[PDB]
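K.L.:
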Amino acid sequence: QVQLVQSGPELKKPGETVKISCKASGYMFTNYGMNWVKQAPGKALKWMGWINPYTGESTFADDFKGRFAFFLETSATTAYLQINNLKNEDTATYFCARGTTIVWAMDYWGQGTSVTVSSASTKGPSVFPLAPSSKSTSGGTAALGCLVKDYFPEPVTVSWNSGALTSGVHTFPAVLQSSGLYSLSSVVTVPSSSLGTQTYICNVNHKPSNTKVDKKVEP
Amino acid sequence: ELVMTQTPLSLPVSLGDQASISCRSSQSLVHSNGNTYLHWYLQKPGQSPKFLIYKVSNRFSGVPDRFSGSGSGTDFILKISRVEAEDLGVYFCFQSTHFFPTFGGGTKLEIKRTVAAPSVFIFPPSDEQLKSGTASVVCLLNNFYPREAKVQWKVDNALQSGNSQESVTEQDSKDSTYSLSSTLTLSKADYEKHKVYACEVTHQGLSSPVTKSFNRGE
């Protein structure tokens, strides 16, 4: 199947350079374009340009002429987006998307890479349990969760039981506090009967600070 | 550069109803070669955009027949008949007829459904957190509609102002409801000065407010 897998989130200082990758698989790499699209937080999608891997030629929209470059490693079926002289306006998610030139459209997209431009140093989160709301002997539904506190920048990932628990999970948008750091909770509702017989673990990953935590949430 | 204008910016629609989203260009999207390179994408909350329609009216592989595109020249329409909960998200038109390709501004499709009451839960601070010097008390409102809800914090029966933060999820893909967290953050010192912690929730699905609380150390 066609797949485009982008590199992980990046924190960079103003004036620095970042290079984002997009590993393509499942098709003849050189026969389709690679487009790059910007999405600043809460904003609409913006087409930046594309590179033609068959000829090596790049084409940019007017806003993206100058500090932006597209590169290819054809042997590795990988496309790159490089941004020089980073500015705060550059903080956004960047998507690669395959261009199917037979209809002039982008068909398959990557998952996006978040780039934060900032003078501040990364800060990893503290993870705390939100303990099950009821006991195993009572009825109905219990909620439990994990509070992911005080980190910078976005994003963190949260999964439950290594991805095996998906149903009933709500991971809230991050919110800033007056310290200038983010926090969020992830919660899940489960049958309270299963509290004495099932373990619940939240797996938190903050890539910019290299923090990976697994927190057992017990009643 | 041509301008793509999408209207409305937000579209509320009931399940089973038809949604119509308009895309208008300042210049004709018909290429000298006879083709019209106007496409549509949907980006659901949290996700990559997904290809929906190419060249005005053609559904991409796997897109349901309830999605259809029409229009010509400068005016285009995406219609979603029989709207479903999973159709939630932001729809974008995109032209590549003229250099350089451009997206419209997006239309957020919102689902209207019946009022639904929150289930409410409260969580004390963990001992792990307390030993670090802070206390966060978390109030969860789960699976309610509409989005408007009032959450008030009371500490030993005193209403609290300014020490809490709320976060709301996007509408759920399956049942179109919201969930909300309200977090009260105190120093461990202040937390330990008081016994009863409560959050009181007012919502149109509730005939009177619901309070959840706990006594600390209990």
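Note that the protein sequences, when read in sequence, are chains A and B. Quick note on numbering: this note's numbering labels position 58 of the first sequence as 58, and the sequence is numbered without any gaps. Quick note on numbering: this note's numbering labels position 129 of the second sequence as 1129, and the sequence is numbered without any gaps. We treat Cβ as the ideally placed atom computed from N, Cα and C, and that holds for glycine.
For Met1004(B), which beta-bridge partners are listed by DSSP?
P.N.:
For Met1004(B), which the question treats as bridged, DSSP gives the partners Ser1025(B).
K.L.:
Below 8 Å on the Cβ atoms is my contact criterion, and I expect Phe128(A) with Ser1126(B) to pass it. Report the Cβ-Cβ distance as a whole number of Å.
P.N.:
Right, their Cβ atoms sit about 4 Å apart.
K.L.:
When DSSP labels each residue in this structure, what does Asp1017(B) get in the three-state scheme?
P.N.:
Three-state DSSP puts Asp1017(B) in coil, outside helix and strand.
K.L.:
Check whether the Cβ atoms of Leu181(A) and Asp150(A) lie closer than 8 Å to each other.
P.N.:
In this structure, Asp150(A) lies closer than 8 Å to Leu181(A) by Cβ.
K.L.:
Here's a check: name, in chain order, each residue in its chain whose Cβ is nearer than 7 Å to the Cβ of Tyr1037(B), leaving out the five neighbours to either side.
P.N.:
Here the set comprises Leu1029, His1031, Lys1055, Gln1095, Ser1096 and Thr1097.
K.L.:
On the premise that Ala164(A) lies in contact with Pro219(A), defined as a C-beta separation below 8 Å, what is that separation, rounded to the nearest angstrom?
P.N.:
Their Cβ separation, rounded to whole angstroms, is 20 Å, which puts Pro219(A) and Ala164(A) out of contact at 8 Å.
K.L.:
Taking only beta-carbon positions, decide if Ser1213(B) is within less than 8 Å of chain A.
P.N.:
No, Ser1213(B) does not count as interfacial toward chain A.
K.L.:
Taking beta-carbon pairs under 8 Å, can you tell me which members of the region 100 to 123 of chain A lie near chain B?
P.N.:
Result list: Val103, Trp104, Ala105, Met106, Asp107, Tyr108, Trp109, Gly110, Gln111 and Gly112.
K.L.:
Per the contact definition of three or more C-beta pairs closer than 8 Å, is the region 1196 to 1203 of chain B in contact with the region 1137 to 1154 of chain B?
P.N.:
Touching, yes.
K.L.:
Just the Cα atoms here: how many angstroms apart are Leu1130(B) and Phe152(A)?
P.N.:
Computed Cα separation, rounded: 22 Å.
K.L.:
Would you decide whether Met106(A) is buried or exposed? Buried here means 16 or more other CB atoms lie within 10 Å of its CB.
P.N.:
Buried, because 16 or more other Cβ atoms sit within 10 Å of the Cβ of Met106(A).
K.L.:
What are the partner residues of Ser136(A), as DSSP defines its beta bridges?
P.N.:
Per DSSP, none; premise fails for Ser136(A).
K.L.:
Can you tell me the Cα-Cα spacing of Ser138(A) and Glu1086(B), whole angstroms?
P.N.:
When rounded, the distance between both Cα atoms is 34 Å.
K.L.:
State yes or no: is the beta carbon of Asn1142(B) nearer than 8 Å to at least one beta carbon in chain A?
P.N.:
Closer than 8 Å: yes.
K.L.:
What are the boundary residues of the beta strand (DSSP E) that includes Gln1129(B)?
P.N.:
Note, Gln1129(B): premise wrong, no beta strand (DSSP E); alpha helix (DSSP H) at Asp1127 to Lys1131.
K.L.:
Please state the DSSP three-state secondary structure of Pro1045(B).
P.N.:
DSSP places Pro1045(B) in coil when its eight states are reduced to three.
K.L.:
Under the DSSP definition of a beta bridge, which residues are partnered with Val18(A)?
P.N.:
According to DSSP, which records beta bridges pairwise, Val18(A) is partnered with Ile83(A).
K.L.:
Quick check: is the beta carbon of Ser1010(B) nearer than 8 Å to any beta carbon in chain A?
P.N.:
Not closer than 8 Å to any Cβ of chain A, the Cβ of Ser1010(B) fails to qualify, so no.
K.L.:
Between the C-alpha atoms of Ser209(A) and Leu11(A), what's the straight-line distance to the nearest angstrom?
P.N.:
Taking the straight line joining both Cα atoms gives about 9 Å.
K.L.:
When you compare each of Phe1051(B), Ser1119(B) and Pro1124(B) to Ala142(A) by their alpha carbons, which one comes out closest?
P.N.:
For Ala142(A), the nearest C-alpha among the options comes from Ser1119(B).
K.L.:
From the beta carbon of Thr78(A), is the nearest beta carbon of chain B less than 8 Å away?
P.N.:
Output row for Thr78(A): interface = no.
K.L.:
Could you please give the first and the last residue of the uninterrupted alpha helix (DSSP H) stretch that includes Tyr151(A)?
P.N.:
Run containing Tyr151(A): none in the alpha helix (DSSP H); it sits in the beta strand (DSSP E), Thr141 to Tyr151.
K.L.:
Give the straight-line distance between the Cα atoms of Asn1033(B) and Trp104(A), rounded to the nearest whole angstrom.
P.N.:
So the alpha carbons of these two residues sit roughly 13 Å apart.
K.L.:
On the three-pair Cβ rule with 8 Å, is the region 108 to 124 of chain A touching the region 1 to 20 of chain A?
P.N.:
The answer is yes - the region 1 to 20 of chain A touches the region 108 to 124 of chain A, with three or more Cβ pairs under 8 Å.
K.L.:
Excluding the 5 residues flanking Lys87(A) on each side, which residues of the same chain have their C-beta closer than 8 Å to its C-beta?
P.N.:
Excluding sequence neighbours, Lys87(A) sits near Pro14 and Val117.
K.L.:
The beta strand (DSSP E) spanning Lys1212(B) covers which residue range?
P.N.:
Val1210 to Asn1215 is the extent of the beta strand (DSSP E) around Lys1212(B).
K.L.:
Might you give, ordered along the chain, the residues of its own chain that have their beta carbon closer than 7 Å to the beta carbon of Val2(A), omitting 5 neighbours on each side?
P.N.:
Around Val2(A): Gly26, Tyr27, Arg98 and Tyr108.
K.L.:
So which of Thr1183(B), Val1210(B), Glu1170(B) and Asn1215(B) has the shortest CA-CA distance to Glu1192(B)?
P.N.:
Looking at the Cα atoms, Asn1215(B) is the closest of the given residues.
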